[PDB]
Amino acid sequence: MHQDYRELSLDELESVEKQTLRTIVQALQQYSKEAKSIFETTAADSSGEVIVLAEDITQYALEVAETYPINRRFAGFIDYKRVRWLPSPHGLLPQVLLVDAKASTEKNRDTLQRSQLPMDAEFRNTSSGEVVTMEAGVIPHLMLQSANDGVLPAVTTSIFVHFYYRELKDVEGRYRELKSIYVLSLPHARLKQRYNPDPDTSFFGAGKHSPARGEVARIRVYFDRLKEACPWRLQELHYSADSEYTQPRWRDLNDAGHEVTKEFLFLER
C-alpha cells in the first residue's frame, strides 16, 4: 500500500476520487427528502438565499457521511472541507475533501474562482479564437507533520455540488423549486494531461465577466464536456414526481466501456 498519493498510478488516483464521490452521492441521495424541503420552503430574504441554502444543505448531508478524522484543519473559501484518512486498497490515504455548493438557474456548467480550480485551466475562446488561461488556486495537497518523521501529503480531492433550480418567487409555503442536484468530481492536478492536455481538449469554458482572450480571473466547467471525458465524474440526482427523495441513479461504465446508469439502494438516513 502507500501513504503518499504521488506513489499512485493516475488510474489508482482516479479511483480515490471515484470512491470519494460515490459516498458523497449516497449522502446527498439520503438527504434529498429534507434537502428539497429546506431548499424550497426556506425564507426569501430577498434573493441570494439559495447561495447559502446550497452550502448549508451540502454540509448537513455530508457531515454525517464522513470518515476517520485527522487532527488538522484549515480555513479556506470552499464552503465545506475535512482533512481525514480515507480507507482504500491502495493504502489508507490522508485526504483533504474539498467541496463547494452552488445554486443556479442553469443545468449545464457553473462558474468558479481560481480558488476553486483543481488544475491549471486552458481553453480556446469561441469568438476570440485565442487561448485563455487560469492557474489553479487549489493546492494539490496539504503536508501533515508525521509523529515518527516529517511531512506526509494529504491529497486534495475536489467536488462540486450544483443545485439546479428555478425561481417561482412564492406560492403557499414554497418560494422556489429544486429540480436536480448535480455532482461533479473535478480531476486532480496530476491528472491534467488526461482531461486538459492542451486548449483544444478541455471541459473548461469562457469566463463570465468583462475580460476575454489570454489569462483570466473567472472560468467555467461544462458538465457535458466533463461527462464525455469520463461518465462517472458527472453525477445527477434528479427529483421526479414519484418520490420525495431524488431518483437514486449512479452513472458509471461497465467493463466493456459502455456508459451505464444504475439505480441504487439508499436508507432513510
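All residue numbers refer to positions in the sequence shown, first residue = 1.
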task: Using only the Cα atoms and their B-factors as the entry lists them, report which of 255-263 and 17-25 averages higher.
output: 255-263
field: Stretch with the greater mean C-alpha B-factor as recorded in the entry, comparing 91-99 against 111-119
entry: 111-119
query: Of 175, 85, 74, 182, which one's C-alpha B factor is largest in the deposited record?
result: 175
task: Sort 155, 159, 189, 134 by C-alpha B-factor from the entry and give me just the highest.
output: 134
field: Where the record places residue 66 (Cα B-factor, split into thirds across the chain)
entry: lowest
statement: The third of the chain into which the C-alpha temperature factor of residue 81 falls is the lowest
message: Where does the C-alpha B-factor of residue 200 rank in its chain, lowest, middle or highest third?
response: highest
query: Would the CA B-factor of residue 34 place it in the lowest, middle or highest third of its chain?
result: lowest
task: Pull the Cα B-factor of residue 57 out of the PDB entry and bin it into the chain's lowest, middle or highest third.
output: lowest
